[PDB]
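2 protein chains.
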Amino acid sequence: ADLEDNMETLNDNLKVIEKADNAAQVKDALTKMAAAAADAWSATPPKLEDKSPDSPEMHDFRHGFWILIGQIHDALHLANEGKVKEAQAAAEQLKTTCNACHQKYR
Amino acid sequence: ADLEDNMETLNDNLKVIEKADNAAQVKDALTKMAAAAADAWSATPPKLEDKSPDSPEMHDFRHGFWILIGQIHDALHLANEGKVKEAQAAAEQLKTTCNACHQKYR
Ligand code: HEM
Ligand code: HEM
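In order, the protein sequence lines correspond to chains H and W. Quick note on my numbering: the first sequence kicks off at 1 and runs consecutively. Quick note on my numbering: the second sequence kicks off at 107 and runs consecutively.
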């Protein structure tokens, strides 16, 4: 999928997690988030189209997804273990990663 | 996929990395490893079929995959950044995670 589709998937599923009741709902949403972030990892955003794949900006951009995917994975681990509230807390904190990349590159 | 299929994917792609020449080869192999490890995360192995999903053994088993996925992810980052030799060194070291789980549960 393209960047915008992956980002909508990320956003929709974050909302699902916030209001989820059980571990199955949270696990599913984070699983979809992991796939969407992985798909987006390789993408070149509009604001960086004129930059080289090896530019400081693109290294920074890809590093943001590496951070995000690690956070999603750790949240998913908690969901796997039935730790609903704590996974929801992890999902809340990773918004900082969403925000930080948007700040620079959206 | 079942455990055996995911493990074959894990094994075959590790061999690919070992003898890879460029970053594209390593990135592709690690991407496939990530998917296979994620798919195997929820699996109940033959030796643990009589155990509860909340048993100490299944907690230990799932934790091994959490570790492996994080290691694959970190290697994949290196591969994405064109760091071939260093990604290959990362793939070498995670064999310890493969071996440790097999030691107990294979
Ligand atoms: C789970 C965390 C994140 C959420 C919930 C999120 C959400 C969104 C949303 C709702 C949009 C609006 C565009 C659309 O989807 O139609 C967007 C755009 C964008 N996001 Fe994210 N985002 C997240 C993380 C990230 C990260 C980590 C990066 C970079 C490493 C990133 C880079 C971008 C860029 C460059 C755009 C603008 C795309 C365009 O204008 O075509 N996002 N994001
Ligand atoms: C990159 C690391 C790994 C590699 C290369 C690897 C490789 C393999 C291979 C080749 C097999 C034999 C499959 C077959 O042909 O029947 C196997 C089996 C198995 N592995 Fe792994 N493995 C890895 C990681 C892990 C981890 C981390 C765990 C535990 C958390 C694990 C648990 C098992 C189990 C339970 C079996 C037996 C499956 C069955 O009998 O159905 N493996 N592995």
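Note that the Cβ used here is the ideal one computed from N, Cα and C, for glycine as well.
Task: Within chain W, the residues that H:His73 reaches when beta carbons sit closer than 8 Å - done: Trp172, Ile175, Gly176, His179
Open item on the list: Comparing C-alpha positions only, which one of W:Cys204, W:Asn205, W:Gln194, W:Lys157 sits nearest to W:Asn128?
Closed with: W:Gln194
TODO: Counting only the same chain and skipping the five closest in sequence on each side, list residues whose C-beta sits under 8 Å from that of W:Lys138.
DONE: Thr115, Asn119
Task: Contact test: H:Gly70 Cβ vs ligand 1 heavy atom, cutoff 7 Å - done: no
Open item on the list: Is any non-hydrogen atom of ligand 1 found closer than 7 Å to the C-beta of H:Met33, if you look at the structure I gave you?
Closed with: yes
- [ ] Check the C-beta distance from H:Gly64 over to H:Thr96 and give it rounded, since I have them as a contact under 8 Å.
- [x] The pair is not a contact, with the Cβ atoms about 11 Å apart (cut-off 8 Å).
Task: Inter-stretch contact at 8 Å, needing at least 3 Cβ pairs: the stretch 15 to 30 of chain H / the stretch 78 to 85 of chain H - done: yes
TODO: Please report the Cβ distance between H:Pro46 and H:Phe61, rounded to the nearest whole angstrom; I am assuming they are in contact, meaning their Cβ atoms lie under 8 Å.
DONE: About 12 Å separates the two Cβ atoms, so there is no contact after all.
Open item on the list: Using 8 Å as the threshold, is the C-beta distance between H:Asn11 and H:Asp39 below it?
Closed with: no
Open item on the list: Assuming H:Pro56 is part of the alpha helix (DSSP H), what are its boundary residues?
Closed with: 56 to 80
TODO: Hey, could you find the ends of the alpha helix (DSSP H) H:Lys95 is sitting in?
DONE: 95 to 105
Open item on the list: Which residues in chain H have a C-beta closer than 9 Å to the C-beta of W:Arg212? List them in chain order.
Closed with: Near W:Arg212 there are no residues of chain H at all, since even the closest Cβ is about 21 Å away, more than 9 Å.
- [ ] From the DSSP output, in three-state form, read off H:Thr9 for me.
- [x] helix
TODO: Indicate, with yes or no, if ligand 1 has a heavy atom lying under 7 Å from the CB of H:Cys98.
DONE: yes
TODO: To the nearest angstrom, report how far apart W:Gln177 and H:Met58 are at their CA atoms.
DONE: 22 Å
Open item on the list: Does the CB of H:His102 have a neighbour CB from chain W at under 8 Å?
Closed with: no
Task: Beta-carbon proximity of H:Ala34 to H:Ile69, cut-off 8 Å - done: yes
TODO: Identify the contact partners of W:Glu187 in chain H, using a Cβ-Cβ distance below 8 Å as the criterion.
DONE: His59, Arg62
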